[PDB]
Amino acid sequence: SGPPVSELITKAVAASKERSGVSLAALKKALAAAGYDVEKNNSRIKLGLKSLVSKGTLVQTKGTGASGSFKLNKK
DNA sequence: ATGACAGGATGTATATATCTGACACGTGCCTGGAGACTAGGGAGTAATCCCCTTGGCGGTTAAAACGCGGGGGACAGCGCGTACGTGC
């Protein structure tokens with residue numbers, strides 16, 4: 001069970017906060033380094049990485065959907 | 001932060017002297033090309049026929065075709081670990 005993976009993905013994206021945002025590749029490598037499965041739950045991450053762009057907590061920098069770069073909200 | 005505009009420096013191209021050997025030219029020769037004639041055969045030509053290709057006629061559906069849909073594909077966007085590219 002454990003906590004839902006939204007908190008895990010927020011820790012993964014808040015770990016670095018590069019000026020050019022994290023790729024989907026680098027964030028799933030961070031989640032795999034954390035230990036969360038990224039191979040069978042990649043549909044769950046696939047929907048989560050656009051749900052988080054949609055709800056406004058995180059904004060997408062340069063890519064589209066779950067592609068490209070990502071950064072935190074202004075406030 | 002990003003793109004627009006100038007400049008140098010050395011590598012590559014630009015202009016000029018050298019030499020050399022290899023393009024090029026000159027010579028021996030004998031092989032090579034071929035004239036006459038022939039032997040003899042391949043091959044062009046007539047013809048014909050027949051059968052195998054061309055031409056046509058009726059019925060099926062196999063195939064073509066057309067269209068709606070749906071889920072698969074194609075390929076860009078961007079990042080990132082990387083993997084040679086490159087100086088020495």
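- Per the deposition metadata, cryo-EM was the technique used to determine this entry, at a resolution of 6.4 Å.

### Details of the protein's contact with DNA strand B
Stage number 1. Around DNA strand B lies a shell formed by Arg19, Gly21, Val22, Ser23, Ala26, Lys29, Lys62, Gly63, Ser67, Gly68 and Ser69.
Stage number 2. Sugar and phosphate atoms constitute 89% of the interface atoms of DNA strand B, taking the interface as everything within 4 Å of the protein.
Stage number 3. A distance of 3.2 Å separates a sugar or linking oxygen of DNA strand B from a polar backbone atom of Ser23.
Stage number 4. Looking at the surface near DNA strand B, its residues break down into 2 nonpolar, 6 polar and 3 charged.

### Notes on the environment of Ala34
Stage number 1. Inspection of the secondary structure assignment puts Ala34 in helix α2 (residues 24–34).
Stage number 2. Among the residues examined, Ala34 registers a relative accessible area of 66% and is labelled exposed.
Stage number 3. Between the C-alpha atoms of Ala34 and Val5, which are 29 residues apart in sequence, the distance is 11 Å.

### Quick look at the packing of helix α1 (residues 5–14) against α2
Stage number 1. One can describe the packing of α1 onto α2 by two numbers: an axis separation of 9 Å at closest approach and a directional angle of 115°. The angle between α1 and α2 falls in the class roughly perpendicular. Considering the relative orientation of α1 and α2, their crossing is right-handed. In this structure, α1 uses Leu8, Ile9 and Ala12 to contact α2, whose residues at the interface are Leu27, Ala30 and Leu31.
Stage number 2. For the contact of α1 with α2, the per-class residue count stands at 6 nonpolar, no polar and no charged.

### Examining the nonpolar core
Stage number 1. If you look at the biggest cluster of nonpolar residues, it comprises 15 residues, and the most contacted ones within it are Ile9, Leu27, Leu31, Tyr36, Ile45 and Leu49.
Stage number 2. Every element with two or more residues in this core is listed here: α1, α2 and α3 (42–55).
Stage number 3. At 4 residues, α1 tops the list of elements feeding residues into this core.
Stage number 4. If near-sequence neighbours (up to four positions away) are discounted, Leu31 is found in contact with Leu8, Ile9, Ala12, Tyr36 and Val38.

### Structural notes on unusual backbone geometry
Stage number 1. Unusually for a residue other than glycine, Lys17 sits at a positive phi of about 55°.
Stage number 2. Note on placement: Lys17 falls in the loop between α1 and α2.
Stage number 3. We classify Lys17 as exposed; its relative accessible area is 59%.

What counts and what doesn't
- Positions along each chain are numbered from 1 by the written sequence. They may not match the entry numbering, and residues without coordinates are not shown.
- Think of it this way: whatever chain is written first is A, whatever ligand is written first is 1, and the rest follow in order.
- Part of a larger assembly is what these chains represent; accordingly, every value refers to the shown part.
- Values reported for side chains reflect all heavy atoms of the structure, with hydrogen atoms and water molecules removed beforehand.
- Nearness is judged by heavy atoms alone; a residue qualifies as near a molecule or strand once a single heavy atom is within 4 Å of it.
- Throughout this description, a polar contact denotes any pair of N or O atoms lying within 3.5 Å of each other; where both atoms belong to protein, one of them has to be capable of donating a hydrogen while the other can accept it, and for residues adjacent in sequence the pair is counted only when both atoms sit in side chains.
- The classification used treats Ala, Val, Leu, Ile, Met, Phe, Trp, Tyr, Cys and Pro as nonpolar, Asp, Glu, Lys and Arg as charged, and all other residues, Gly among them, as polar.
- Comment: elements are numbered from the N terminus, with helices defined as DSSP H or I runs of at least four residues and strands as E runs of at least two.
- Three labels apply to residues, based on accessible area from a 1.4 Å probe with only protein chains included: buried if under 20% of the type maximum, exposed if over 50%, partly exposed otherwise in between.
- Each axis is a line fitted through C-alpha atoms, taken for helices only over the stretch in contact, and angles between the N-to-C directions span 0 to 180 degrees.
- For classification, angles of less than 35 degrees are called roughly parallel, those exceeding 145 degrees roughly antiparallel, those between 65 and 115 degrees roughly perpendicular, and all remaining angles oblique.
- Should the near helix be turned anticlockwise from the far one by less than a right angle, the crossing is left-handed, and should it be turned clockwise, the crossing is right-handed.
- The contact criterion used throughout is that any non-hydrogen atoms of two residues lie within 4.5 Å.
- We call a set of buried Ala, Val, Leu, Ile, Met, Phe, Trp, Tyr and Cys residues a nonpolar core when their side-chain atoms join them within 4.5 Å.

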